[PDB]
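Reviewing the structure listed below.
Throughout, a chain's letter reflects where its sequence line sits, starting with A, and its residues are numbered from 1. Just so you know, these numbers use all the heavy atoms, side chains as well, and skip hydrogens, waters and symmetry mates.
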Amino acid sequence: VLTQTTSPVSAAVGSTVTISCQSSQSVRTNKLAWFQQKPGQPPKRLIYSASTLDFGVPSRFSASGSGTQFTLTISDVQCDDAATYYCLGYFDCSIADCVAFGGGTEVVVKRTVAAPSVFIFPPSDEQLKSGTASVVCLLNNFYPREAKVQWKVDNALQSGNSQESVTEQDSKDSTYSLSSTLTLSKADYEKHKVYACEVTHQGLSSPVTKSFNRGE
Amino acid sequence: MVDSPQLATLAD
Amino acid sequence: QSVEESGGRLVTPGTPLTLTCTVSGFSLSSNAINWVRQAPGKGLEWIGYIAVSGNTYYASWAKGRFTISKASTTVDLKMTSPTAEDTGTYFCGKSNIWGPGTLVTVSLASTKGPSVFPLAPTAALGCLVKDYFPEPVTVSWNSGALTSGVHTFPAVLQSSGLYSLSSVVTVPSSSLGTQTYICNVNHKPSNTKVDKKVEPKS
């Protein structure tokens, strides 16, 4: 087991972040490496041999350690460094696994507060023609990530029956976007009139509700 | 030749 | 220089699947190769490697479930008896060199092409790509002519065991309806391609 700083670690552009990697069992020699991974992409090695930078890697990255304590430092943090960082170590095969990855630490880029703009989308006639019904709420371009989305159907608070997806942090402005989808059977959808999406977020001095009446 | 996963050294 | 994994696909539990890492620009005689994997949303997991000698090494949890071997230009990873836990992206490589990964899905569910529903309309519009299996789908807009303000969300796994996702773009309210907005959905696992036009309703 290699244990790493608990995610997320957020820091502002220009700031510094430090990520720890602690081994329950001492690492072979000084055979430890640091990897970076962005979603959808393969891992890229930043450091090998505990201290040594790989070719092409920004000098912003630095690392140190021995035995059971290792540390990766990112100075002058850029929007580009929003990613998950993994340490990897060697061990004696026949005492434990030869190689192990740490749990991974996610890095967030701190940014000025930015309210979402909210959009509600009713079920398409095309979908209702078929058996089902999805209504979608969109929260576009907001920071930070924490945001409450509550669905109301005729003021009935919906709970457990929606799903949310969130984008990775935008490369330019560090904002998130989020889609929430409420799924009902067509029968249930026909029963009610008022469908509403209520959003609570730091950048909103008061919650925003976006709603529509069925057939209007 | 010794066995190495070539992960934490510069294998290149 | 590089490597590339292939062979990932949907299979039923127990179906002995083999993945392939194809070396290019260097030699297996002087280099070792590792298999790494990642369940969706979770972290990286080391499976094992094969030394230049040919000696294999495995993580304790991987022993029995996985088998690595090497030919002249390729390295295989045989999955002995896959279960649903084995779903994820699998990466081959070493050090600097890692491939784009191949995606393995282990499930009883049938391949299923999606339906594509419009999300009708500064303004927002989109496409709901719903009820498909397995991953992945691709989406673009106006065949790549529209890239700006586009958000294509990660897929979710629904109650039904099928995937859904939404792609969304923000555009000037002036442009509707001078400008055509079409979403390009491709789900290769079922060879289903769809170009859906999106427009205001009433």
Side chain, backbone, both or neither: which part of [X] has an atom under 4.5 Å from a heavy atom of chain C?
{"X": "A:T84", "result": "neither"}
{"X": "A:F55", "result": "neither"}
{"X": "A:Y86", "result": "side chain"}
{"X": "A:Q127", "result": "both"}
{"X": "A:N141", "result": "side chain"}
{"X": "A:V136", "result": "side chain"}

Discussion item. Assess the residue pair A:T132 and C:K130 against the criterion (side-chain contact (heavy atoms from CB on, under 4.5 Å)); give the C-alpha distance rounded to whole Å, side-chain angles, the decisive distance to 0.1 Å, and a yes or no.
Written reply: CA-CA 11 Å; A:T132 189; C:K130 177 152 202 290; 4.0 Å; yes
Item to complete: Walk me through it: do A:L138 and C:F153 pass the test side-chain contact (heavy atoms from CB on, under 4.5 Å)?
Response: CA-CA 11 Å; A:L138 176 70; C:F153 289 92; 3.6 Å; yes
Heavy-atom cut-off 4.5 Å, strictly under: side chain, backbone, both or neither for [X] against chain A?
{"X": "C:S115", "answer": "neither"}
{"X": "C:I47", "answer": "neither"}
{"X": "C:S95", "answer": "both"}

Quick one: does [X]'s side chain get under 4.5 Å of [Y]'s, heavy atoms only?
{"X": "A:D125", "Y": "C:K201", "result": "yes"}
{"X": "A:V99", "Y": "C:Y57", "result": "no"}
{"X": "A:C98", "Y": "C:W46", "result": "yes"}
{"X": "C:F91", "Y": "A:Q37", "result": "yes"}
{"X": "A:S134", "Y": "C:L128", "result": "yes"}

Item to complete: Determine, stepwise, if the pair C:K196 / A:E126 fulfils side-chain contact (heavy atoms from CB on, under 4.5 Å).
Response: CA-CA 12 Å; C:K196 183 69 175 160; A:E126 182 162 328; 2.6 Å; yes
Worksheet item: Counting only N and O atoms by type, is there a donor-acceptor contact under 3.5 Å from the side chain of A:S165 to the main-chain atoms of C:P154?
Response: yes
Discussion item. For a side-chain contact (heavy atoms from CB on, under 4.5 Å) check, start with the C-alpha distance between A:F121 and C:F117, then their side-chain angles and the critical distance, and finish with the verdict.
Written reply: CA-CA 11 Å; A:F121 291 110; C:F117 308 120; over 6 Å; no
Worksheet item: Do the side-chain N and O atoms of A:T167 and C:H151 include a donor-acceptor pair separated by under 3.5 angstrom?
Response: no
Worksheet entry | Closest-packed option against chain A by number of heavy-atom pairs under 4.5 Å, given C:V156, C:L44, C:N34 | C:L44
